[PDB]
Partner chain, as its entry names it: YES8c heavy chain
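The chain below stands alone and is given as structure tokens, in the form solved without its partner chain.
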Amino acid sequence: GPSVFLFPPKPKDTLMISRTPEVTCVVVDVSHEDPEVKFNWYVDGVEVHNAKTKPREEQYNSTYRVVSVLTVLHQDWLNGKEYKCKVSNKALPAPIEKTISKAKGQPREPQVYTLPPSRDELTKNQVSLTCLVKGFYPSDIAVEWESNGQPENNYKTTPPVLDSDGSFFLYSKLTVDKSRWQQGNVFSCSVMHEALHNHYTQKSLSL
């Protein structure tokens, strides 16, 4: 019957005390004969009652959709306390228990490196700026680009890729006009991760 999907807090939310991380328990495919949905939240097996469940909203294919949000602490997620969403519906045989938490392993300090555009690409109107981050663990990390103190708009970040040593890596490309690079403009790659001290480090890139 109903399908339960659990979404972890975003990487930036847990790493910054200003932001508020949340775990989302989305349930879809809810029929009208059994529309009521009940959520049970557990933290390391201990039930909590500080969640906020919103009323069911009917979708466009004759089914409802219910979302339950549990607020988590910054250190609790960084300590990896598992969060279990137990969804109970009268059409289900047994309540569905979905569990998610931080990736099991040892936090390794990320290594951020920046690469200038290739000399062959200098003949084009568009050049590529490369930010290489390697050796970080777990895979939840934030990569951003800014210049002159303001963020850049047209940049892309590749998904993390697991290496052979048990750590992840990814690439970030910022494409700017060749005139901007030749004028010695400073482009920086901001990286936020759990292993980083204060969860922040930065490297500058320029001609």
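Numbering follows the first chain given and starts at 1. Superpose the two forms; the largest set of C-alphas matching within 1.5 Å is the rigid core.
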Note to self: I need to verify one thing: averaged over C-alpha atoms only, is the B-factor higher for 166-174 or for 41-49?
What the structure shows: 41-49
Next item on the list: State which stretch shows the higher mean Cα B factor in the entry: 155-163 or 25-33.
Entry: 25-33
Note to self: I'd like to know which of 148, 61, 68, 139 has the highest C-alpha temperature factor in the PDB entry.
What the structure shows: 61
Check: In the PDB entry, which of 89, 79, 114, 123 has its C-alpha at the highest B-factor?
Finding: 123
Next item on the list: Would you check the entry's CA temperature factor for residue 19 and let me know if it's in the chain's lowest, middle or highest third?
Entry: lowest
Next item on the list: Within this chain's modelled residues, let me know which third the CA B factor of residue 199 belongs to: lowest, middle or highest.
Entry: highest
Next item on the list: Within this chain's modelled residues, let me know which third the CA B factor of residue 102 belongs to: lowest, middle or highest.
Entry: highest
Next item on the list: Using the B-factors in the PDB entry, rank residue 119's C-alpha atom against the chain and give the third, lowest, middle or highest.
Entry: highest
Checklist line | residue 96 CA temperature factor, ranked by third within the chain | finding: lowest
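In what follows, reference is made to the form solved in complex with its partner chain, a form of this protein that is not presented.
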Check: Going by a heavy atom distance of 4.5 Å, is residue 86 a contact of its partner chain in the bound PDB entry?
Finding: no
Next item on the list: Please check if residue 15 has a heavy atom lying within 4.5 Å of any heavy atom of its partner chain in the bound PDB entry.
Entry: yes
Notebook entry, point to check: Does its partner chain get within 4.5 angstroms of any non-hydrogen atom of residue 200 in the bound PDB entry?
Noted result: yes
Next item on the list: Please state whether all three residues 75, 109 and 195 have a non-hydrogen atom within 4.5 angstroms of its partner chain in the bound PDB entry.
Entry: yes
Notebook entry, point to check: Quick one: core overlaid, is residue 57 moving 2 Å or more at the Cα between this form and the one not shown?
Noted result: yes
Notebook entry, point to check: Is residue 163 among the residues whose Cα moves by 2 Å or more between this form and the one not shown after superposition of the rigid core?
Noted result: no
